[PDB]
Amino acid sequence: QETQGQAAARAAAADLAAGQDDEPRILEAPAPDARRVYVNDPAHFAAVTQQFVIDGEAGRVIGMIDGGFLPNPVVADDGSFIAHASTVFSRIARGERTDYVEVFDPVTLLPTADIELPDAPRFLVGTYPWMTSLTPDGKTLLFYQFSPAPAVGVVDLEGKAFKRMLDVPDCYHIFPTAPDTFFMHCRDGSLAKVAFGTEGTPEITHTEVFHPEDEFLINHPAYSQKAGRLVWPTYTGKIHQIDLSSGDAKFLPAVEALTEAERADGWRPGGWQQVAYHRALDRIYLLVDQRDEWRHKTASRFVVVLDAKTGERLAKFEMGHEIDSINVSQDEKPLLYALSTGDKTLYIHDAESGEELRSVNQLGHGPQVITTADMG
């Protein structure tokens, strides 16, 4: 019930009364752990941006990382590093463009690598987590390029060097399954498996087509790399699941997040990061609300929780705020993270009861993306 500012006033007054000395210095963040969460603020397309590093258990900002124009954040699942792909210009938002990847130490937040990406190759888009992706060994970062045509850049994080671009078909997003392989989603309704080397045409194999041309699959699917589970909602809350854990795509039965009566009464998912997935519990969380069909990027005030195997609904939480984005911590008794772009506030909820526990406000100008590590 005592706030963090009140606790600190008490502590500082006791040190003053006791005559305690301490040296002003640069703090280290606490060690990365399951309840650390990162919030990125694309700032409604501003030329510079910010990421907030947060202790979810305390509801406290423990660090920040500056970024350039629409950067893509990634967080190693084991907690060993974080990194982003970013873009800057010689005079704020014009002149010469430099695209680069920086890797950071997760406790000092100092850059430990700054790697230039030649010929300005990043795709500049409102932030989609799976447009830049670590392989599961953490040694390689893969990023999407849209112009002049779809391609995938390969960055060697261990050797701190850009490696190559790969040409790909008309496909989007990058879900890595092995040191040398990832999947993309194709315009034709298939996934493409891409297996690449340092040089040479990559081996690209399409899966079966798995959805019709008029089912629209959102820009923010959840992907659990450690489970190889791709959880892909459509505009109506139908959920496609793809099991990539064998190294090939296996199509799981589709589930409906909303009932037929709810859909008839206008319930649809909506927001930005509309879906989360908890690996250990095998559970799916989806941001939903009553809305017109083309209001699919507006906030939502409800989260439905369902069993990924059977599709059975476990809960429907009333969030009590306008929520654009959700994610969960990957530990036992996980937290449900609920970010409001409009309130610039992260609301931290108990993922089992749905109760709001605490919140962190003043998170930049238009915070949109929540990332956690799967450390377990």
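Superpose the two forms; the largest set of C-alphas matching within 1.5 Å is the rigid core. A residue's number is simply how far along the shown sequence it sits, counting from 1.
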query: Between stretches 132 to 140 and 196 to 204, more displaced by Cα RMS in 8 other deposited structures of this protein (rigid core superposition); finding: 196 to 204
query: Stretch exceeding the other in mean C-alpha B-factor - 156 to 164, 106 to 114; finding: 156 to 164
query: Selected stretch [higher average CA B-factor]: 13 to 21 or 350 to 358; finding: 13 to 21
query: Largest Cα B-factor, entry values, listed residues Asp324, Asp41, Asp55, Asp331; finding: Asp331
query: Candidate set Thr201, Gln274, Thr298, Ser86 [ranked by C-alpha B-factor, highest]; finding: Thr201
query: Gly63, C-alpha B-factor rank within chain (lowest, middle or highest third); finding: lowest
query: Third assignment of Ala195 from its chain's C-alpha B-factors; finding: highest
query: Ranked C-alpha temperature factor of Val369 among modelled chain residues, by third; finding: middle
query: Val74 - Cα temperature factor, lowest/middle/highest third of chain; finding: lowest
query: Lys250, C-alpha B-factor rank within chain (lowest, middle or highest third); finding: highest
